[PDB]
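Q:
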Amino acid sequence: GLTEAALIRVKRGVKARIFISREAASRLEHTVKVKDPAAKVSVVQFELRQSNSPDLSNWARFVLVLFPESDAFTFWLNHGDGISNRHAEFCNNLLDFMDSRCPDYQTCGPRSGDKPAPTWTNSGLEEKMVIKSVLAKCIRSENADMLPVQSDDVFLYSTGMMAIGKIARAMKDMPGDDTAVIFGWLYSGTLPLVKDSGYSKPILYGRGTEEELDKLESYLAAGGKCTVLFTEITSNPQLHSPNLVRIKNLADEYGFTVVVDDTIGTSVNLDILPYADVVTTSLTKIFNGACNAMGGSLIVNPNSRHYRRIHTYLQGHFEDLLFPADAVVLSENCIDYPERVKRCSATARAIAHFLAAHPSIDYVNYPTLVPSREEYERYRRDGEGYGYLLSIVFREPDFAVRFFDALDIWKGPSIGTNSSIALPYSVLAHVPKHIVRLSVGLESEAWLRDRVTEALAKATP
Amino acid sequence: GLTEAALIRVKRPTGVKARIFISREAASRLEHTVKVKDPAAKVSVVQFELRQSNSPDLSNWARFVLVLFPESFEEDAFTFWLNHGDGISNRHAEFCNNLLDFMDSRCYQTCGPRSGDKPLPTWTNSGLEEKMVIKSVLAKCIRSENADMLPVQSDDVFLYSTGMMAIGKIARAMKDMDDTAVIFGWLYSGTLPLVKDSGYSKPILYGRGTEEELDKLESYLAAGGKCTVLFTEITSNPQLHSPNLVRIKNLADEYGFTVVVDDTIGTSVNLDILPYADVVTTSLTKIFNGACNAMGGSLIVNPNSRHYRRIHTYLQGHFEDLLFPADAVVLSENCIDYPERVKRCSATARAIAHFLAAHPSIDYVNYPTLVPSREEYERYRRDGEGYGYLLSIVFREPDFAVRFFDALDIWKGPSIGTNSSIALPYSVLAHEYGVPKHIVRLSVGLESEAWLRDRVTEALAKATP
Ligand SMILES: CCOC(=O)CC(C)=O
Ligand SMILES: *N[C@@H](CCO)C(=O)O
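These protein sequence lines map, in sequence, to chains A and B.
Letter by letter, the first sequence follows residues 71 to 82, 85 to 142, 146 to 177, 182 to 196, 199 to 511, 523 to 553 of the authors' numbering.
Letter by letter, the second sequence follows residues 71 to 177, 184 to 195, 198 to 255, 258 to 511, 520 to 553 of the authors' numbering.
1) Report yes if the CB atom of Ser175 (chain B) is closer than 8 angstroms to the CB atom of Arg288 (chain B), and no otherwise.
2) Give me the subset of the region 156–177 of chain B whose CB atoms are less than 9 angstroms from a CB atom of chain A, sorted by chain position.
3) Is the CB of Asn446 (chain A) under 8 angstroms away from at least one CB in chain B?
4) Tell me the residue span of the beta strand (DSSP E) that contains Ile442 (chain B).
5) Give every residue of the same chain whose Cβ lies closer than 7 angstroms to the Cβ of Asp443 (chain B), excluding the five residues on either side of it in the sequence, and list them in chain order.
6) Using a Cβ distance threshold of 8 angstroms, determine whether the region 410–421 of chain A contacts the region 260–271 of chain A, with at least three qualifying pairs required.
7) Around the C-beta of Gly377 (chain B), are 16 or more other C-beta atoms found within 10 angstroms, so that it is buried, or is it exposed?
8) Quick check on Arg190 (chain A): does DSSP put it in helix, strand or coil?
9) Using a cut-off of 9 angstroms between C-beta atoms, extract the partners of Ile248 (chain A) located in chain B.
10) Would you list the residues sitting across from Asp542 (chain B) in a DSSP beta bridge?
11) With 8 angstroms set as the bound, which would you pick, yes or no: does the beta-carbon of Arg190 (chain B) sit closer than that to a beta-carbon of chain A?
12) Let me check you understand the geometry: is the CB of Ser159 (chain A) closer than 7 angstroms to at least one non-hydrogen atom of ligand 1?
13) Bridge partners of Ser114 (chain B), per DSSP?
14) Our contact map puts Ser322 (chain A) next to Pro448 (chain A) with C-beta atoms below 8 angstroms; I'd like the distance itself, whole angstroms only.
15) Could you name the residues of chain B that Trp539 (chain A) contacts, counting a contact when the two beta carbons are closer than 7 angstroms?
16) Below 8 angstroms on the Cβ atoms is my guess for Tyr280 (chain A) versus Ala244 (chain A); work out the distance and round it to an integer in Å.
17) Identify, in the order they occur along the chain, each residue of the same chain with its Cβ nearer than 8 angstroms to the Cβ of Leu411 (chain B), setting aside the five sequence neighbours on each side.
18) Show which residues of chain A have a CB atom less than 8 angstroms away from the CB atom of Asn499 (chain B).
19) Using a beta-carbon distance cut-off of less than 7 angstroms, what residues from the region 78–91 of chain B approach chain A?
20) Let's test the definition: count the other Cβ atoms within 10 Å of the Cβ of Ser385 (chain A) and tell me whether it reaches 16, buried, or not, exposed.
21) For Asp407 (chain B), go through chain A and note every residue whose CB falls closer than 8 angstroms to its CB, in chain order.
22) Quick one: list the residues of chain A neighbouring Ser536 (chain B), beta-carbon separation under 8 angstroms, in chain order.
23) Please look up how many angstroms separate the CB atoms of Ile220 (chain A) and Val360 (chain A), rounded, as I've assumed it's under 8 angstroms.
24) Going by the beta-carbon positions, is the gap between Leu331 (chain A) and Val341 (chain A) smaller than 8 angstroms?
25) Going by DSSP, what residues sit across from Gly377 (chain A) in a beta bridge?
26) Using DSSP with H/G/I as helix, E/B as strand and the rest coil, what is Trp491 (chain A)?
27) Whether or not the region 135–150 of chain B and the region 97–105 of chain B are in contact is what I'm after, with contact meaning three or more pairs of Cβ atoms, one per stretch, closer than 8 angstroms; do they touch?
28) Give the DSSP-derived three-state secondary structure of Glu119 (chain B) in the structure shown.
29) Which of the three DSSP states is assigned to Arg99 (chain B) in this structure?
30) Which whole-angstrom value describes the C-beta separation of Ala547 (chain B) and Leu488 (chain B), a residue pair presumed to lie in contact below a C-beta threshold of 8 angstroms?
31) By how many angstroms is the C-alpha of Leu128 (chain A) removed from the C-alpha of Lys276 (chain A)?
32) Ligand 1 and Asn350 (chain A): does the residue's C-beta get closer than 7 angstroms to at least one heavy atom of that ligand?
33) So, for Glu298 (chain A): in the same chain, excluding its five sequence neighbours on each side, which residues have a beta-carbon less than 7 angstroms away from its beta-carbon?
34) Beta-carbon separation of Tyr300 (chain B) and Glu293 (chain B) under 8 angstroms?
35) Might you give, ordered along the chain, the residues of its own chain that have their beta carbon closer than 6 angstroms to the beta carbon of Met252 (chain A), omitting 5 neighbours on each side?
36) Which residue comes first and which comes last in the alpha helix (DSSP H) that contains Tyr418 (chain B)?
This is the structure in structure tokens:
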């Protein structure tokens, strides 16, 4: 455990976290310093010093952060700007070879300067080019009236959370301090991160609805100004579709930037390029499938009226923080990304409609069955399906609980995996409260139908 | 988790314990060990298989055996060790996990959720190329300083998945070829589990490794007692005792038994023991690798052995390659500085062993330069070579030992022979032999002597009022 091994290196009672950038580390150090100034917060960089090759030097670095063991929402500050697992292993191998600097926490490495005895080459650049190309190909619009996204309209970050924060920070440091709006995007760290980006109190329309849009449009017409709006297609966990057409009309008429997350309802399934100025994506999820690598994307629509100002910011502030091992497995697993989306989307519809028709369930959240099924159709590509995520609303919550227990599949917080996985309310607790969310995997429709059926029987008396 | 992923495939997420094995044979050992302690317990054995693959190599390795058995069953020390040897690599299990979906099962007889779909690992040819490397490094480092001694070749080396495994393979060969087996030192506590499992009706444990014990052996032999094989290990864990190999080869010659020596702790880099062992076993997991990240075991058949033809033919005629290719790779890269690492760790160890031995709040240190058997270690030490990487510490009062271990800012755990320094007490590895009970053991790593002398020192201060 690189964390354990780095507390050993600094002779240690406190608690620690590890980050890739000097920047993100101190983003946490403030949160602790505000919750308790005069608390001894320590920020130690580890760096490999004598290394001819530029690969090891650039990547064999990290920031340990010690802070009083004496944990609010920093969950999304860490889950988001943390270090990769593949990265953190890469450092634990080399931790003896690298020195520290802050105190006595300036300890040099017992084996510093020694020549180590990685697979990837060139900072995984050729594989990142592959990743950018896939994202650019799949977001291409069915509209020939539009410019294509190119691979250099695509930006890659350590995680999806990080990609989100990076666009929030650009909007704020862009000229003109106007409000940020968050539309529906909930049950995630986006509102925390948007706050960490300088938008002190954004306007949250939490339900994603047209009523909420009305309130917004009244606001804007009254003379209220707004720099950016954040939204996410096929919202978690209810599979809602925001009205991306109306949002783009409001955006054109009142001058704000539209940022959509397409993680859940994929670019394979939906054509949203025409309504978004920027498109964020978590590559950790379905794009990868395997649950083994981490990565975030950020797509700047060359059609946006804000392309020049957004691209130039992101570019002038770009640092490559996608660890190359991650980048490699990602470029590998993302080739069947459209086929896995299509397969998973097909199974999901199946058992979504299966479960919809069982007398123990009140209704199922799936784009084919939710109030906004017609909104989803405005953006659904032909011959493409209805997504891999769904959620179950049972009639009696006792039943849901017995059902979840009896369900012999993977359980946990991940989505977009090649294996189906479920999560109850015990989690996703920072919309009924006995909801059971299902991310449908690459398994046969029968196998899944089997496991669901058996679990249904176990929960009935 | 591969265990966890398998329990789901077979619809048993609760109720039972489970182990993962290589052969249905091994699975039966457990099924036997559970059925003797408790017949009527439901023991279930599922086999998992990638049946066909466009790259056949994979489907050969993507196999394993899940053994489920009731959670009320507690393993005795025996099972714990037999399962270490009958288990599968961590690298091997992760391979299988990445493929479990594509794999079918058969007792639980379900086709896999991704069966038939196309799933490539880096390694090639089952990693045969890198296992010949390993085989050669092992043969090079074991060549004796004696000029008349034949050199060990690569096809005198056999590779297996763990040091445990190797030891069993030779135990099983000597059995079926007389059933008295001798264990002369405090072995890996898996050595006796293996020779009892290998059907030796008459074992003899000499736990202290002394000449008095060697006397009891010689009297028995003259007076007519049979003996087949004798198992030993130089620089014994953890008192770093050295056995009188000269006498053991002398008894072996006078009476015709076969001598296995385990050179894991006193290395082949430091010691020339080939003149005495008919067979030499090594845990390649330990310092041979050093990185704490791959599993392997070795078995060298001395070409100078009066029993060399018989032993080699058995091990050849009964051979199966079970060394997971990804492990073989890592070993064959890391074993390049194996001799130079042994030299650096043995250098830093001797340094802080003496530092400690001169400390007033400490009785004695266990290390070959400071133990009663030092004259023995010096008989087999090579010129220019040191006194090993392991050491243990007998403090004057057990109280001090406790608060020393706690305050010592370095790695802690059962691992030895790593590139890092690691401490562990007698608290662990007790699943009586003139071994004190508050002993503290230290595998010395590649860290600087100053750095490690620092951590030792600060800990000694925190241990005094
Ligand atoms: C801890 C919050 O859980 C989640 O929302 C995770 C998810 C993929 O949806
Ligand atoms: N998708 C999730 C991360 C899973 O733990 C989020 O941050 O919204």
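Where a beta carbon is used, it is the ideal one built from N, C-alpha and C, also for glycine.
A: Reading from the atomic positions:
1) no
2) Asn168 and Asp171
3) no
4) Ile442 to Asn446
5) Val474, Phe475 and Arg476
6) no
7) buried
8) coil
9) Residues of chain B passing the Cβ test: none, with the nearest at roughly 34 angstroms.
10) Paired residues: none, contrary to the question.
11) yes
12) no
13) B:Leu138
14) 7 angstroms
15) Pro189
16) Incorrect: roughly 17 angstroms between the Cβ atoms, too far for contact.
17) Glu208, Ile212, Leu364, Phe368, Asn369, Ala374 and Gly376
18) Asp171
19) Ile78, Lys81 and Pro83
20) buried
21) Simply none; closest approach about 16 angstroms.
22) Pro189 and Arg190
23) 6 angstroms
24) no
25) A:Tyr238 and A:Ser363
26) strand
27) yes
28) strand
29) helix
30) 4 angstroms
31) 35 angstroms
32) no
33) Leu331
34) no
35) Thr308 and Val309
36) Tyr418 to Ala437
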